[PDB]
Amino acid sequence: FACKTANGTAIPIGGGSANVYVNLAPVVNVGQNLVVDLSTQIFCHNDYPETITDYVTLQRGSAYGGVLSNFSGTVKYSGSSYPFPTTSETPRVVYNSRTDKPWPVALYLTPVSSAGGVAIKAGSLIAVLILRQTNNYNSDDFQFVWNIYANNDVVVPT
């Protein structure tokens, strides 16, 4: 089991960490959501699907920087919605093919009433999403830690 990004970085068998940059709507009002869909950027596969089933959760999602200070959020994982930052590890998604499948995570971030001006700075860390991978075969229990960075400034008009 391993993962890669559309930019080309990879996290190998056994887990590890990678940085992912995302494009953000440059203007967002109170009552509107920024949607950060990672399913177009993070892809994973099972290396031995004939004999092993891989189980994949969103173990935790954490906010940083301007998202932590200026937004409230939800995360959608595989069709179910949860608070973001998260309050518990999600149910598992089965990975059962060598063919890359997206990691089905999307953040929905909405400005708090005190947000105004540059609410997320270009280049800054906005979130960490931890993918936990286990299987039905051995003791393997690995973390794939995705550090999410804003490409661009996001402004909340005053």
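Quick note: we count residues from 1 along the sequence shown, nothing fancier.
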Where do the C-alpha atoms have the higher mean temperature factor in this entry, in 27-35 or in 126-134?
27-35
Averaging the C-alpha temperature factors as deposited, the higher value of 55-63 versus 91-99 falls on 91-99
Could you say which of 120, 44, 105, 115 has its CA atom at the highest B factor, as listed in the PDB entry?
115
Sorting by Cα B-factor within the chain, modelled residues only, which third would residue 139 end up in: lowest, middle or highest?
highest
